[PDB]
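K.L.:
Can you read through this structure? Questions will come right after.
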Amino acid sequence: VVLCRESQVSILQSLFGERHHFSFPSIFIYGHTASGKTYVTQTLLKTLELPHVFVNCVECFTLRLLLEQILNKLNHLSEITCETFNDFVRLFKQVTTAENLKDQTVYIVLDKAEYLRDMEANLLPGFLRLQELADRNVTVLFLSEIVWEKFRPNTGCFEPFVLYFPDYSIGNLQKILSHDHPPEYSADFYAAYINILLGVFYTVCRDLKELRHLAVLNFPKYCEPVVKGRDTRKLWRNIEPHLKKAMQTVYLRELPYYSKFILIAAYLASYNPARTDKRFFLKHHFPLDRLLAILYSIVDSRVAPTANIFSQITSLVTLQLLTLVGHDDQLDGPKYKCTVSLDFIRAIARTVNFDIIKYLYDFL
Amino acid sequence: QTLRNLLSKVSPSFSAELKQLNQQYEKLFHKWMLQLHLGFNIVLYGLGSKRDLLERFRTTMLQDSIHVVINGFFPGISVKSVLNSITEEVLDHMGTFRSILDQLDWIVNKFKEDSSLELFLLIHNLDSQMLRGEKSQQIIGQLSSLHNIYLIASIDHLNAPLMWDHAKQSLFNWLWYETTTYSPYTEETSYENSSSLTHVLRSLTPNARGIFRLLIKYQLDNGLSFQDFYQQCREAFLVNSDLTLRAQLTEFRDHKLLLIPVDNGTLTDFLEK
Amino acid sequence: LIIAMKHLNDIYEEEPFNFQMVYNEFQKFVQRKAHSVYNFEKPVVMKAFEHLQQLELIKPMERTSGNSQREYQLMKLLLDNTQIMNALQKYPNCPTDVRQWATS
Amino acid sequence: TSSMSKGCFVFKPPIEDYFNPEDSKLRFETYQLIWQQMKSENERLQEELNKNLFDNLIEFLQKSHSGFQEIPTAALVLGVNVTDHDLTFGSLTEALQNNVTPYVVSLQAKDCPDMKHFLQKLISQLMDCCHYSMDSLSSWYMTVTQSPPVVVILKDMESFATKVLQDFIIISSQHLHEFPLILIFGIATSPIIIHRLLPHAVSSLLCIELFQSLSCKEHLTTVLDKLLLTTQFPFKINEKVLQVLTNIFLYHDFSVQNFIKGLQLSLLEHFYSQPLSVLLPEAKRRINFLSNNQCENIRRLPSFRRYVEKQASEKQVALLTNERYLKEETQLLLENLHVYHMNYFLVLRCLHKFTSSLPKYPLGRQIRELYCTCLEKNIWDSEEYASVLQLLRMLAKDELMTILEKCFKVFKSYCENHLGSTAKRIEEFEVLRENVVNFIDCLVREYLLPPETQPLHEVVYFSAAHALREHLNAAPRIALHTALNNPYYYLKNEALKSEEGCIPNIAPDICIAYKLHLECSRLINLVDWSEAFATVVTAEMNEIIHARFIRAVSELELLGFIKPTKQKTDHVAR
Ligand SMILES: Nc1ncnc2c1ncn2[C@@H]1O[C@H](COP(=O)(O)OP(=O)(O)OP(O)(O)=S)[C@@H](O)[C@H]1O
Ligand SMILES: [Mg+2]
């Protein structure tokens, strides 16, 4: 069922008219992430009982897969293998002549169409004007998150009818969340739950799926106090800290000794300009050699250049903590970059008993 | 650099100590064979050309078993060539392979199925420019992970330890030996590529020789613009039409001869010669 | 975030930007106000920026990956000031503080 | 034939004999047997130490699949111990295919750079677990089912490109009804990295849950306790090797396989070096079959000669002349050494049990630190021993009796041969605390003695630590610099003994060339360098000198000290 979705359904039903009637060649529907584009159109197609083929662009990452899946599903509605778009057109013309497919409109629903512009140059224009080429009462629908402005080819093509799905509001979200109430408690209880949850999280999280997931996760802790023995104040006081702890994470859901010194030296080399290096290390007044010199200066003990330190360097490179810049074949002048957050390096320096802030030129 | 061919007449110095050094090195062969045969791979590092010691070890101890020698210092060697050689002789297979990884899979499966096959590897100068690829060393380590393959390698480059990672270190299972032989790197520097002008200009027409001489003279004086060069060539009567001058310029270009990419000192020496 | 981006585009005339500057000036805005309820950490703002980039209102320059993270990446805005003002006028429940910050 | 243009050359034509002999054969057999036992025990411990997580994984998978009868996903933190993973992963699949599902497919990141290859490898391994696209996989699952789930293991996601990950997740989300799917993640770094790889639009489709694995330090302590501080193995190690292995482990890799390899190399070298290492009942019977040359070798031992010096002149003559008496006396000494090992291990374990509850841990927390500090010198001769005793003298009675209960558990477990009266007194119990402390101190003085103080220890100990250092931790740069600077150490030619840093003209061409290069600027002019080299070698001829200079320059360029530059003609950087 659909809630707070009555204008778009009525518009689509008026557009379709009767089965023997014709319609637009191309309709482009765009909206936000949680607008329910997939739900509404699929429920409408199931209700009207129309011959429709549902296709995911991501699943059909190759042209042959797309055409073969379309043809196979259409045949099942009524093995076939095709390779070129012209062959697909010819086979579609051959297959559409069924009695069940004689005086009825054929619908090809495509979702996640954002990748279609990266598949082939002429595939999208061909799909746009399918009804002219086939001349067989065919309609093609588009679902996407990007506006039509960026789907326009350079040469220009047959403009589809553009449609927008309205964004949700507080009342609509509350109604949708309160529809699927658990049967073991009163509807007003779940309504109050949804109300407090929205009052806490609506500022950031407007995603229906995410908010519903959060409600499902946190309901068991909501229902504990009454089990333990309609007390709004009692429930709110018992439940507030848990809600704050949950809001701490909305969207989120021990190195070796010398490795720490290597990491801190790499951070210093990356974020400190070379001109000041001696100013921080020379007792009197990035390339690999600079790193080695800085490491030798920092460590109070004399470290021998054993191969194990080079193995540590390569292991750190593999662990995606240090990024290699130069060519892989050039292993005599290699370049490196450090990608560690500053809080992490401060924590590791604290565990090492080292004060990195005293050496950071930018902070000084 | 042709003089190099005549430079081999210099006698060595202090050869007695080198003789005792080689005699001392010769005694480790049995221990090296024992360590290989138990599943360890050995790297030789040290100053001096160690090719002679490896050849002595081969001709002394490896004349009774299957063994493959790859002298990686040759700049034309690639890992695919080694794989093709192994497939064509060790397994006597001629069928081509769709990819390197498929060839590795076939070799691994064949050696795992046939436990009666033992192979020895003798690699010279593992630090070669063509063997420094990460996939190259990964392939070699995957090959050496088998218990039916024995690996002796040599290091002559300073930054060698950066080649091996922790996983690669585990796969290779290295043991090290210091063997400094002080031998000159004659053969290993021979194949490496670190006169032509005179030979080219000998059989060219004298007008082209004079034009090239004038171009060299102007270049040594201080690139020429086309108009000034054409006017000067007119003044010497070596050119009758700009089409002919452009034809001579294209002839010079075809031999990779406006700036001349030739050193000034070489031009000065060539002018008087 | 969009208002902060507009302020950056106004102060630095037609120059790119990254995540750190936007985060720093958003922190400045929330710290100048005494005790407003906008205490958010880095990861949530990072996710919001990722979503904004996903909607293709912001596009990278000279695309590359690995060498440069999502942070420290040169971003540009694909909107006009009058468009932002007109859209903000029709916003249902825009708070007073953010409106005045936008005007400032 | 080994010098042609083609670089590919190929040629076609008992284990114990390479070790040479009867003593060699026995040594090799003992080596193989001991290595077998050691690695078997290592595998036993490896399997044993993961049940508390394997059961959790099994129950989580059962709970997740119960709903099928949102993609379930388990996050497993495994640390930086890159060498361990594979072994653990082995046992991992040996659980799943044994308990819940016979479909386990582990995948690498190296072999899947593109999604096409990813799906190809996945379906290829699914084929023998019993164009390519998801419909084919669904059809295969339907055929094989006509309901076990499918298990996929991602080992190193750090090397995985993101795009294939998001594509696979978004594709698999829409076909969960068609066939179940569960992901297992292997993360070496902190779990936070998962937030930096998947955009939230993809992350929202996964129900991730977090597990954590065993720490490496506890693994090392358990291995050390089970394999060295026990009485089941006759081999023992001196302090130097223990310190060097501990340094390598704690400073380099936190890996246990490197330690095992070092131990195996130590055992191999020990059996290669000492002929007398042929030597509980096995040695008892082998003593009877001793040879005269081995008798003389025993007579030559330093500990043996000190012990002979200890005894009287008549006993000295009897030992130096008779053979059977020597055999019997060595047998008795070996039994005494065995008893010393037994009571040393028991006393050290009890002492660590006492020390474990001491605040601030004056002598360490784990077995290894106390063991090595006892091996270094006598503990009782150090003031730190007095500090430890006076800190022990401040314990509260309840914690004291808890410590005594733990010690009593140790006694009842494996203190079986000596001093049950100790446990009896512990049952009986400031004056009493002082008596207990003094008795413990007396035990420490009596039983904690270095093994080097006893004769015939060299049979079961190894001491060539520097060779182990040079064979495991190579220093190519140090060795190369030593060869370049002072070749006297390699040649013993008095002509090279002048100073340190001065210029021995008599030295070979490469050495003098390198030394001249060292003192010059950061950019080396080739003509000036050649002139200097000619001047040095001076103290037909010109061409020969130029030849030597060119050869030395080419050699140094090959070794990597030389990188040419085109900014200035004939110049090189370091
Ligand atoms: N108007 C609505 N009425 C009732 N349920 C809705 C409505 N909109 C969304 N839902 C529910 O929310 C769920 C998730 O919404 P989706 O259908 O995934 O949104 P979407 O617009 O299709 O975005 P995409 O394309 O899947 S990323 C649906 O499966 C429905 O159960
Ligand atoms: Mg959808």
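Read the figures in this text as sums done on the coordinates, not as results from a lab. Using ideal geometry, Cβ is built from the backbone for each residue, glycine included, and neighbour counts are taken over all protein chains shown.
K.L.:
Evaluate the following for residue B:198: is it more than 10 Å from chain A (Cβ to nearest Cβ) and outside any helix (DSSP H, G or I)?
P.N.:
No: the conditions fail for residue B:198.
K.L.:
State whether one or more residues within the stretch D:56-77 are more than 14 Å from chain B (Cβ to nearest Cβ), part of a helix (DSSP H, G or I), of a type outside the set (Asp, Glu) and under 30 Å from residue B:37 (Cβ atoms).
P.N.:
No.
K.L.:
Quick check: is even one residue across the stretch D:549-558 more than 14 Å from chain B (Cβ to nearest Cβ), outside any strand (DSSP E or B), buried (at least 16 other Cβ atoms within 10 Å of the Cβ) and within 44 Å of the chain's Cα centre (by Cα)?
P.N.:
No, that holds for no residue.
K.L.:
Here are A:42, A:8: which of them is in a helix (DSSP H, G or I), within 14 Å of chain D (Cβ to nearest Cβ), within 16 Å of ligand 2 (Cβ to nearest atom) and not hydroxyl-bearing (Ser, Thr, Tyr)?
P.N.:
A:42
K.L.:
Can you pull out the residues in the stretch A:286-325 that are small (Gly, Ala, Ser) and within 11 Å of another protein chain (Cβ to nearest Cβ)?
P.N.:
Hits for the stretch A:286-325 are A:301, A:304, A:307, A:311, A:315.
K.L.:
Further, regarding this structure: If a residue has to be closer than 19 Å to residue D:206 by Cα and crowded, with 18+ Cβ neighbours inside 10 Å to count, how many in the stretch D:67-96 make the cut?
P.N.:
Count: 4.
K.L.:
Moving to a separate point now. Would a scan of the stretch A:110-123 turn up a residue that is among the aliphatic types (A, V, I, L, M), more than 16 Å from ligand 1 (Cβ to nearest atom) and farther than 22 Å from residue D:132 by Cα?
P.N.:
yes
Table: residues versus (1) within 38 Å of the chain's Cα centre (by Cα); (2) among the hydrophobic types (A, V, I, L, M, F, W, C).
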| position | (1), (2) |
| --- | --- |
| D:103 | yes, no |
| D:111 | yes, no |
| D:126 | yes, yes |
| D:133 | no, no |
| D:145 | no, no |
| D:148 | no, no |
| D:152 | yes, yes |
| D:166 | no, no |
| D:171 | no, yes |
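K.L.:
Of (1) loosely packed, with under 14 Cβ neighbours inside 10 Å; (2) within 16 Å of ligand 2 (Cβ to nearest atom); (3) not acidic (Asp, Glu), residue A:58 satisfies all except one. Which?
P.N.:
(1)
K.L.:
Let me ask something else about it. Is it the case that residue D:515 is among the basic types (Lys, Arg) and crowded, with 17+ Cβ neighbours inside 10 Å?
P.N.:
Taking the combined requirement at face value, the residue satisfies it.
K.L.:
Continuing with the same structure: Quick check, is residue A:97 within 14 Å of chain D (Cβ to nearest Cβ), assigned to a loop (DSSP other than H, G, I, E, B), farther than 19 Å from residue A:54 by Cβ and more than 16 Å from ligand 2 (Cβ to nearest atom)?
P.N.:
The answer is no for residue A:97.
K.L.:
Would you tally the residues in the stretch B:161-184 being part of a loop (DSSP other than H, G, I, E, B), under 30 Å from residue B:34 (Cβ atoms) and of a type outside the set (A, V, I, L, M, F, W, C)?
P.N.:
Of the residues in the stretch B:161-184, 7 are part of a loop (DSSP other than H, G, I, E, B), under 30 Å from residue B:34 (Cβ atoms) and of a type outside the set (A, V, I, L, M, F, W, C).
K.L.:
Mind checking which residues of the stretch A:23-34 are more than 16 Å from ligand 2 (Cβ to nearest atom) and assigned to a loop (DSSP other than H, G, I, E, B)?
P.N.:
The answer is A:23, A:24, A:25.
K.L.:
Are there any pairs, at least 6 apart or on different chains, whose C-beta atoms fall under 9 Å, with the first in the stretch B:128-139 and more than 10 Å from chain A (Cβ to nearest Cβ) and buried (at least 17 other Cβ atoms within 10 Å of the Cβ) and the second part of a helix (DSSP H, G or I) and charged (D, E, K, R), and if so, which?
P.N.:
Within 9 Å, the pairs are B:137/B:168; B:138/B:168.
K.L.:
Of all residues being among the β-branched types (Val, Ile, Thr) and facing another protein chain (nearest Cβ under 9 Å) in the stretch B:1-49, which is surrounded by the most Cβ atoms within 10 Å (Cβ to Cβ)? Just the residue, please.
P.N.:
If we take residues in the stretch B:1-49 being among the β-branched types (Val, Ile, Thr) and facing another protein chain (nearest Cβ under 9 Å), then B:43 is surrounded by the most Cβ atoms within 10 Å (Cβ to Cβ).
K.L.:
Tally the residues that are closer than 20 Å to residue D:338 by Cβ and assigned to a loop (DSSP other than H, G, I, E, B), restricting the search to the stretch D:284-320.
P.N.:
So the answer is 2.
K.L.:
Which ones in the stretch A:23-39 are within 14 Å of chain D (Cβ to nearest Cβ) and more than 7 Å from ligand 1 (Cβ to nearest atom)?
P.N.:
Matches in the stretch A:23-39: A:32 only.
K.L.:
Filter the helices (runs of 4 or more DSSP H) completely within the stretch D:425-523 down to those with at least 1 residues that are more than 30 Å from residue D:401 (Cβ to Cβ) and basic (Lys, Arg).
P.N.:
The qualifying helices (runs of 4 or more DSSP H) are D:465-472, D:476-485, D:509-519.
K.L.:
OK, next. Checking the structure you have, find out if any residue of the stretch A:15-22 is more than 16 Å from ligand 1 (Cβ to nearest atom) and either part of a helix (DSSP H, G or I) or buried (at least 17 other Cβ atoms within 10 Å of the Cβ) (or both).
P.N.:
Checking the stretch A:15-22: at least one residue is more than 16 Å from ligand 1 (Cβ to nearest atom) and either part of a helix (DSSP H, G or I) or buried (at least 17 other Cβ atoms within 10 Å of the Cβ) (or both).
K.L.:
Okay, moving on. Looking only at the stretch A:64-86, filter to residues that are in a helix (DSSP H, G or I) and among the hydrophobic types (A, V, I, L, M, F, W, C); which one of those is farthest from residue A:125 (Cα to Cα)?
P.N.:
The selected residue is A:77.
K.L.:
Please identify the pairs in which a residue from the stretch B:143-160 that is away from chain D (no Cβ under 13 Å) and farther than 18 Å from residue B:35 by Cβ has its Cβ atom under 7 Å from the Cβ atom of a residue that is crowded, with 18+ Cβ neighbours inside 10 Å and acidic (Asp, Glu), counting only partners at least 6 apart or on another chain.
P.N.:
none
K.L.:
Another question, if that's okay. Criterion first (closer than 29 Å to residue C:70 by Cβ and either within 12 Å of chain B (Cβ to nearest Cβ) or surrounded by 15 or more Cβ atoms within 10 Å (Cβ to Cβ) (or both)) does residue A:361 satisfy it?
P.N.:
no
K.L.:
All but one of (1) within 14 Å of ligand 1 (Cβ to nearest atom); (2) closer than 19 Å to residue A:74 by Cα; (3) within 14 Å of another protein chain (Cβ to nearest Cβ); (4) not aromatic (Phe, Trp, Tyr) hold for residue A:63; state the number of the condition that does not hold.
P.N.:
(1)
K.L.:
Within the stretch D:20-34, is there a residue that is within 13 Å of chain B (Cβ to nearest Cβ), assigned to a loop (DSSP other than H, G, I, E, B) and in contact with a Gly (Cβ under 9 Å, 6 or more places away or on another chain)?
P.N.:
No, that holds for no residue.
K.L.:
Follow-up question, since we're still on this one. Please determine, by comparing only the residues of the stretch B:50-77 that are in contact with a strand residue (DSSP E or B) (Cβ under 8 Å, 6 or more places away or on another chain), in a helix (DSSP H, G or I) and charged (D, E, K, R), which one is surrounded by the most Cβ atoms within 10 Å (Cβ to Cβ).
P.N.:
Among those that are in contact with a strand residue (DSSP E or B) (Cβ under 8 Å, 6 or more places away or on another chain), in a helix (DSSP H, G or I) and charged (D, E, K, R), it is B:51.
K.L.:
Residues that are more than 14 Å from chain D (Cβ to nearest Cβ), aromatic (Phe, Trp, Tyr) and away from ligand 2 (no atom under 16 Å from the Cβ): list the helices (runs of 4 or more DSSP H) wholly contained in the stretch A:159-243 that include at least 3 such residues.
P.N.:
So the answer is A:187-201.
K.L.:
Collect the residues in the stretch A:40-60 that are within 9 Å of ligand 1 (Cβ to nearest atom) and out of contact with any strand residue (DSSP E or B) (no Cβ under 9 Å at 6 or more places or on another chain), keeping them in residue-number order.
P.N.:
A:40, A:43
K.L.:
For the stretch B:161-181, which residues satisfy the criterion of being more than 7 Å from every other protein chain (Cβ to nearest Cβ) and not hydrophobic (A, V, I, L, M, F, W, C)?
P.N.:
Once the filter is applied, which keeps residues that are more than 7 Å from every other protein chain (Cβ to nearest Cβ) and not hydrophobic (A, V, I, L, M, F, W, C), the stretch B:161-181 yields B:168, B:173, B:177, B:179, B:181.
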